[PDB]
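Here is entry.json, consisting of JSON, C-alpha atoms:
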```json
[["chain", "number", "residue", "atom", "x", "y", "z"],
["A", 1367, "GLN", "CA", -95.60, -75.30, -109.85],
["A", 1368, "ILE", "CA", -91.86, -74.80, -109.32],
["A", 1369, "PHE", "CA", -91.25, -78.35, -108.06],
["A", 1370, "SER", "CA", -94.05, -79.83, -110.17],
["A", 1371, "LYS", "CA", -91.64, -82.72, -110.69],
["A", 1372, "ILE", "CA", -88.04, -83.11, -109.54],
["A", 1373, "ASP", "CA", -85.75, -82.81, -112.57],
["A", 1374, "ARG", "CA", -82.50, -82.80, -110.51],
["A", 1375, "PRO", "CA", -82.47, -85.72, -108.05],
["A", 1376, "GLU", "CA", -78.74, -85.14, -107.41],
["A", 1377, "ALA", "CA", -79.16, -81.57, -106.11],
["A", 1378, "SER", "CA", -80.32, -80.01, -102.91],
["A", 1379, "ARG", "CA", -83.29, -77.67, -103.40],
["A", 1380, "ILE", "CA", -84.02, -74.75, -101.07],
["A", 1381, "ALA", "CA", -86.73, -72.08, -100.77],
["A", 1382, "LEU", "CA", -85.21, -68.97, -99.16],
["A", 1383, "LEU", "CA", -88.39, -67.25, -97.89],
["A", 1384, "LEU", "CA", -87.76, -63.53, -97.35],
["A", 1385, "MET", "CA", -90.95, -62.54, -95.50],
["A", 1386, "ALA", "CA", -91.96, -59.25, -93.90],
["A", 1387, "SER", "CA", -95.74, -59.30, -93.25],
["A", 1388, "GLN", "CA", -98.52, -61.29, -91.58],
["A", 1389, "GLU", "CA", -101.08, -63.48, -93.33],
["A", 1390, "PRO", "CA", -104.69, -62.93, -92.27],
["A", 1391, "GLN", "CA", -105.98, -65.95, -90.38],
["A", 1392, "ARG", "CA", -108.32, -67.15, -93.16],
["A", 1393, "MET", "CA", -105.34, -67.55, -95.51],
["A", 1394, "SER", "CA", -102.98, -69.29, -93.03],
["A", 1395, "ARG", "CA", -105.07, -72.48, -92.62],
["A", 1396, "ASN", "CA", -103.15, -74.51, -95.28],
["A", 1397, "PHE", "CA", -99.63, -73.31, -94.34],
["A", 1398, "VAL", "CA", -98.64, -76.39, -92.27],
["A", 1399, "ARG", "CA", -99.86, -78.70, -95.06],
["A", 1400, "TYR", "CA", -97.76, -76.91, -97.69],
["A", 1401, "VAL", "CA", -94.56, -76.81, -95.62],
["A", 1402, "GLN", "CA", -94.85, -80.50, -94.65],
["A", 1403, "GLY", "CA", -95.53, -81.31, -98.32],
["A", 1404, "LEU", "CA", -92.35, -79.41, -99.21],
["A", 1405, "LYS", "CA", -90.42, -81.51, -96.68],
["A", 1406, "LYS", "CA", -91.96, -84.64, -98.22],
["A", 1407, "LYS", "CA", -90.83, -83.37, -101.64],
["A", 1408, "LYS", "CA", -87.33, -82.98, -100.04],
["A", 1409, "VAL", "CA", -87.31, -79.16, -100.26],
["A", 1410, "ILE", "CA", -85.59, -77.16, -97.52],
["A", 1411, "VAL", "CA", -87.47, -73.99, -96.51],
["A", 1412, "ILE", "CA", -85.39, -71.22, -94.89],
["A", 1413, "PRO", "CA", -87.59, -68.50, -93.31],
["A", 1414, "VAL", "CA", -86.12, -64.98, -93.03],
["A", 1415, "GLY", "CA", -88.40, -62.73, -90.96],
["A", 1416, "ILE", "CA", -87.80, -59.04, -91.69],
["A", 1417, "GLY", "CA", -88.99, -56.24, -89.40],
["A", 1418, "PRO", "CA", -91.64, -56.13, -86.67],
["A", 1419, "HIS", "CA", -94.45, -57.26, -88.98],
["A", 1420, "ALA", "CA", -93.15, -60.73, -89.91],
["A", 1421, "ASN", "CA", -95.40, -63.32, -88.22],
["A", 1422, "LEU", "CA", -92.99, -65.32, -86.03],
["A", 1423, "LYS", "CA", -95.58, -68.12, -85.80],
["A", 1424, "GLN", "CA", -94.97, -69.12, -89.43],
["A", 1425, "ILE", "CA", -91.19, -68.82, -88.90],
["A", 1426, "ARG", "CA", -91.34, -71.36, -86.07],
["A", 1427, "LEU", "CA", -93.88, -73.59, -87.85],
["A", 1428, "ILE", "CA", -91.34, -73.83, -90.69],
["A", 1429, "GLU", "CA", -88.53, -74.63, -88.23],
["A", 1430, "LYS", "CA", -90.64, -77.34, -86.53],
["A", 1431, "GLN", "CA", -90.62, -79.47, -89.71],
["A", 1432, "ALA", "CA", -86.86, -80.10, -89.87],
["A", 1433, "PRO", "CA", -83.65, -78.72, -88.28],
["A", 1434, "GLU", "CA", -82.40, -77.92, -91.80],
["A", 1435, "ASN", "CA", -85.06, -75.15, -91.93],
["A", 1436, "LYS", "CA", -83.01, -72.92, -89.57],
["A", 1437, "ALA", "CA", -84.66, -69.49, -89.38],
["A", 1438, "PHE", "CA", -83.29, -65.94, -89.54],
["A", 1439, "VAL", "CA", -85.11, -62.99, -87.91],
["A", 1440, "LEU", "CA", -83.98, -59.44, -88.63],
["A", 1441, "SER", "CA", -84.84, -55.93, -87.41],
["A", 1442, "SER", "CA", -84.68, -54.49, -90.95],
["A", 1443, "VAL", "CA", -83.53, -55.17, -94.52],
["A", 1444, "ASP", "CA", -80.31, -53.26, -93.77],
["A", 1445, "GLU", "CA", -78.80, -56.24, -91.93],
["A", 1446, "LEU", "CA", -79.55, -58.66, -94.80],
["A", 1447, "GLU", "CA", -76.14, -57.60, -96.14],
["A", 1448, "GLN", "CA", -74.83, -58.51, -92.66],
["A", 1449, "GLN", "CA", -76.46, -61.97, -92.87],
["A", 1450, "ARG", "CA", -75.32, -62.53, -96.47],
["A", 1451, "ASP", "CA", -72.21, -64.63, -95.78],
["A", 1452, "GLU", "CA", -73.68, -66.92, -93.11],
["A", 1453, "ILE", "CA", -76.84, -67.32, -95.22],
["A", 1454, "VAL", "CA", -75.01, -68.27, -98.43],
["A", 1455, "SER", "CA", -72.51, -70.49, -96.57],
["A", 1456, "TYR", "CA", -75.39, -72.25, -94.77],
["A", 1457, "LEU", "CA", -77.15, -72.74, -98.12],
["A", 1458, "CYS", "CA", -73.99, -74.30, -99.57],
["A", 1459, "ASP", "CA", -73.35, -76.43, -96.46],
["A", 1460, "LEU", "CA", -76.89, -77.77, -96.98],
["A", 1461, "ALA", "CA", -75.97, -78.82, -100.57],
["A", 1462, "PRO", "CA", -73.90, -81.77, -101.86],
["A", 1463, "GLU", "CA", -70.73, -81.49, -103.94],
["A", 1464, "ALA", "CA", -70.37, -83.08, -107.38],
["B", 220, "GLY", "CA", -105.76, -45.57, -75.31],
["B", 221, "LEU", "CA", -102.26, -44.09, -75.48],
["B", 222, "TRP", "CA", -100.20, -47.15, -74.44],
["B", 223, "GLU", "CA", -99.98, -48.33, -78.08],
["B", 224, "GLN", "CA", -98.03, -45.13, -78.89],
["B", 225, "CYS", "CA", -95.15, -46.38, -76.73],
["B", 226, "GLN", "CA", -95.28, -49.81, -78.41],
["B", 227, "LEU", "CA", -94.18, -48.10, -81.66],
["B", 228, "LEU", "CA", -90.64, -48.65, -80.31],
["B", 229, "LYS", "CA", -91.24, -52.43, -80.54],
["B", 230, "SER", "CA", -93.80, -52.76, -83.37],
["B", 231, "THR", "CA", -92.85, -50.19, -86.01],
["B", 232, "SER", "CA", -90.27, -50.83, -88.71],
["B", 233, "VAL", "CA", -88.15, -47.67, -88.46],
["B", 234, "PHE", "CA", -87.66, -48.16, -84.71],
["B", 235, "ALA", "CA", -87.25, -51.93, -85.20],
["B", 236, "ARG", "CA", -84.15, -51.40, -87.39],
["B", 237, "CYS", "CA", -82.22, -50.42, -84.25],
["B", 238, "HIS", "CA", -83.05, -53.43, -81.99],
["B", 239, "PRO", "CA", -79.61, -55.06, -82.64],
["B", 240, "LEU", "CA", -78.00, -51.87, -81.26],
["B", 241, "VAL", "CA", -80.43, -50.39, -78.69],
["B", 242, "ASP", "CA", -82.84, -52.48, -76.59],
["B", 243, "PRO", "CA", -86.30, -50.82, -76.71],
["B", 244, "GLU", "CA", -87.45, -52.22, -73.34],
["B", 245, "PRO", "CA", -86.09, -49.39, -71.10],
["B", 246, "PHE", "CA", -87.32, -46.69, -73.48],
["B", 247, "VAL", "CA", -90.82, -48.19, -73.77],
["B", 248, "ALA", "CA", -90.92, -48.54, -69.96],
["B", 249, "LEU", "CA", -89.98, -44.85, -69.57],
["B", 250, "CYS", "CA", -92.56, -44.04, -72.26],
["B", 251, "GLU", "CA", -95.29, -45.77, -70.25],
["B", 252, "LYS", "CA", -94.10, -43.78, -67.22],
["B", 253, "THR", "CA", -94.45, -40.45, -69.07],
["B", 254, "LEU", "CA", -97.90, -41.58, -70.26],
["B", 255, "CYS", "CA", -98.73, -42.01, -66.56],
["B", 256, "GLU", "CA", -97.19, -38.65, -65.58],
["B", 257, "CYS", "CA", -98.35, -36.45, -68.48],
["B", 258, "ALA", "CA", -101.80, -34.83, -68.74],
["B", 259, "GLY", "CA", -101.74, -34.27, -72.52],
["B", 260, "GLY", "CA", -102.73, -36.50, -75.41],
["B", 261, "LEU", "CA", -100.66, -38.85, -77.57],
["B", 262, "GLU", "CA", -97.80, -36.30, -77.56],
["B", 263, "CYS", "CA", -97.09, -37.44, -73.97],
["B", 264, "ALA", "CA", -95.14, -40.40, -75.47],
["B", 265, "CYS", "CA", -92.74, -38.36, -77.58],
["B", 266, "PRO", "CA", -89.66, -37.71, -75.34],
["B", 267, "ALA", "CA", -88.93, -41.44, -74.99],
["B", 268, "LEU", "CA", -89.23, -41.97, -78.76],
["B", 269, "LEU", "CA", -87.00, -38.95, -79.42],
["B", 270, "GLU", "CA", -84.36, -40.13, -76.93],
["B", 271, "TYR", "CA", -84.47, -43.68, -78.35],
["B", 272, "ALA", "CA", -83.91, -42.25, -81.84],
["B", 273, "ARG", "CA", -81.01, -40.12, -80.55],
["B", 274, "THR", "CA", -79.54, -43.16, -78.77],
["B", 275, "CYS", "CA", -79.73, -45.12, -82.03],
["B", 276, "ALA", "CA", -78.05, -42.20, -83.82],
["B", 277, "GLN", "CA", -75.26, -42.26, -81.22],
["B", 278, "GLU", "CA", -74.93, -46.02, -81.82],
["B", 279, "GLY", "CA", -74.57, -45.17, -85.53],
["B", 280, "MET", "CA", -78.06, -45.89, -86.92],
["B", 281, "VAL", "CA", -80.17, -42.84, -87.87],
["B", 282, "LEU", "CA", -83.97, -43.34, -87.73],
["B", 283, "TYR", "CA", -84.93, -41.23, -90.76],
["B", 284, "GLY", "CA", -88.66, -42.09, -90.59],
["B", 285, "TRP", "CA", -89.30, -41.86, -86.86],
["B", 286, "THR", "CA", -90.99, -38.42, -86.81],
["B", 287, "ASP", "CA", -93.63, -39.40, -89.41],
["B", 288, "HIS", "CA", -94.02, -43.08, -88.59],
["B", 289, "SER", "CA", -95.30, -41.40, -85.39],
["B", 290, "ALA", "CA", -97.28, -38.28, -84.45],
["B", 291, "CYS", "CA", -94.19, -36.90, -82.64],
["B", 292, "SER", "CA", -92.63, -33.71, -84.07],
["B", 293, "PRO", "CA", -89.92, -31.93, -82.02],
["B", 294, "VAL", "CA", -90.10, -28.16, -81.43],
["B", 295, "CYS", "CA", -88.18, -25.93, -83.86],
["B", 296, "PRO", "CA", -87.66, -22.20, -84.50],
["B", 297, "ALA", "CA", -89.96, -20.33, -86.86],
["B", 298, "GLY", "CA", -89.54, -21.34, -90.51],
["B", 299, "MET", "CA", -87.29, -24.29, -89.66],
["B", 300, "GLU", "CA", -88.26, -27.97, -89.82],
["B", 301, "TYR", "CA", -86.99, -30.87, -87.72],
["B", 302, "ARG", "CA", -84.96, -33.54, -89.50],
["B", 303, "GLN", "CA", -82.36, -36.20, -88.78],
["B", 304, "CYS", "CA", -78.68, -36.02, -89.84],
["B", 305, "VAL", "CA", -78.36, -32.27, -90.29],
["B", 306, "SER", "CA", -74.75, -31.55, -91.33],
["B", 307, "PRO", "CA", -72.28, -29.54, -89.26],
["B", 308, "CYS", "CA", -70.71, -26.55, -91.01],
["B", 309, "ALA", "CA", -74.24, -25.39, -91.88],
["B", 310, "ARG", "CA", -74.31, -22.91, -94.77],
["B", 311, "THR", "CA", -75.55, -19.34, -94.26],
["B", 312, "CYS", "CA", -76.05, -16.17, -96.30],
["B", 313, "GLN", "CA", -72.79, -14.75, -94.89],
["B", 314, "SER", "CA", -70.42, -17.76, -94.98],
["B", 315, "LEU", "CA", -67.78, -18.82, -97.49]]
```

Translate the structure of the given file into structure tokens.
Amino acid sequence: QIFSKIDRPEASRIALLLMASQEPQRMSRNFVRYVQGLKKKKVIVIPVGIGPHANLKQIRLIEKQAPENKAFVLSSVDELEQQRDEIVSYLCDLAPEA
Amino acid sequence: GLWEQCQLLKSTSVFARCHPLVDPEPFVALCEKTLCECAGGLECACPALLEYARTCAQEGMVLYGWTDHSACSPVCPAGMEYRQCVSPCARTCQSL
């Protein structure tokens, strides 16, 4: 629905996935198909696991698709402000200049 | 059936804030030791959780939820309540 068709072929496109909770198993069964489809649609997915309840499995399954998908895993939201500069610089390093 | 109470240090969000500053592994090990030593119920875990929270406070991260994300309430005098980050220079009926 967001990338229903690519309208900016010149840009990089990135999903920053701030995630803090587990999926139940019955929901997870299509996750690999969606993330590999996003790679095929040349979308970078950056997983950011927050707190004890983020399911690390889906973090690593995102990382397994491409090295560009470099994860972050955080003890609480309070250190998001501490990640801010490396996150936004990594996002811009993964994007081309005009 | 009590061992999960010690794993709050690893599993539970308020304690998990402090993992960049204080490693939970010694405190959860000591917690499992007090669960072995102590004859009570789930309260047998509480000194390790309290001392972890105080260690985090010393490292500069107060664990404001810890005493109600868990069953553990510290002892207090009559009519008082336990809380984190009580101020020094506590006000009284007699003090300017």

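Between CA of residue 1386 (chain A) and CA of residue 1429 (chain A) there is a distance of 16.7 Å.
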
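Nearest residue to residue 1414 (chain A), choosing from A:1398, A:1464, A:1428, A:1385 and counting all atoms listed in the file: A:1385.
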
Taking only C-alpha atoms into account, find every residue of chain A that has an atom no more than 8 Å from chain B, and write it out as a list in words.
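Using only C-alpha atoms, chain A residues at most 8 Å from chain B: residues 1417, 1418, 1419, 1441, 1442 and 1444 of chain A.
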
Given the point (-84.4, -66.6, -94.5) in the file's coordinates, find the residues that have an atom at most 9 Å from it, counting all atoms listed in the file, and give them as a PyMOL selection string.
chain A and resi 1381-1385+1411-1416+1435-1439+1453

Grab the residues selected above and save them as a compact mmCIF listing (two decimals), keeping the file's coordinate frame with C-alpha atoms.
```
# COMPACT_ATOMS: atom_id res chain seq x y z
CA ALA A 1381 -86.73 -72.08 -100.77
CA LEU A 1382 -85.21 -68.97 -99.16
CA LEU A 1383 -88.39 -67.25 -97.89
CA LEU A 1384 -87.76 -63.53 -97.35
CA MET A 1385 -90.95 -62.54 -95.50
CA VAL A 1411 -87.47 -73.99 -96.51
CA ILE A 1412 -85.39 -71.22 -94.89
CA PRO A 1413 -87.59 -68.50 -93.31
CA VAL A 1414 -86.12 -64.98 -93.03
CA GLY A 1415 -88.40 -62.73 -90.96
CA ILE A 1416 -87.80 -59.04 -91.69
CA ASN A 1435 -85.06 -75.15 -91.93
CA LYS A 1436 -83.01 -72.92 -89.57
CA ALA A 1437 -84.66 -69.49 -89.38
CA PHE A 1438 -83.29 -65.94 -89.54
CA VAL A 1439 -85.11 -62.99 -87.91
CA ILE A 1453 -76.84 -67.32 -95.22
```

For the atom pair CA of residue 241 (chain B) and CA of residue 1426 (chain A), what is the interatomic distance in Å to one decimal place?
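Distance reported for this atom pair: 24.8 Å.
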
Could you list, as a ChimeraX atom specification, every residue within 12 Å of residue 1407 (chain A), counting only C-alpha atoms and ignoring same-chain residues fewer than 6 positions away?
/A:1368-1372,1375,1378-1380,1400-1401

Polymer residues at most 9 Å from region 284-291 of chain B, only C-alpha atoms, same-chain spacing of 4 or more positions, as a PyMOL selection string
chain B and resi 224+227+231-234+261-262+264-266+268-269+272+301-303

Find the smallest box with edges along x, y and z containing every listed atom of region 264-282 of chain B, then add 3 Å on each side and report centre and edge lengths in Å to one decimal, as lines of an AutoDock Vina configuration file.
```
center_x = -84.9
center_y = -41.9
center_z = -81.4
size_x = 26.6
size_y = 14.3
size_z = 18.9
```

Separation of CA of residue 1461 (chain A) and CA of residue 1377 (chain A), in Å?
7.0 Å

Check the smallest atom-to-atom distance from each of A:1454, A:1460, A:1420, A:1425 to residue 1397 (chain A) using all atoms listed in the file, then report the winner.
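That would be A:1425, the residue with the smallest distance to residue 1397 (chain A).
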
So, counting only C-alpha atoms, which residue among A:1445, A:1463, A:1402, A:1458 is closest to residue 1427 (chain A)?
A:1402

Name the closest residue to residue 259 (chain B) among the candidates B:305, B:315, B:221, B:295; distances are taken between atoms, counting all atoms listed in the file.
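Closest candidate: B:221.
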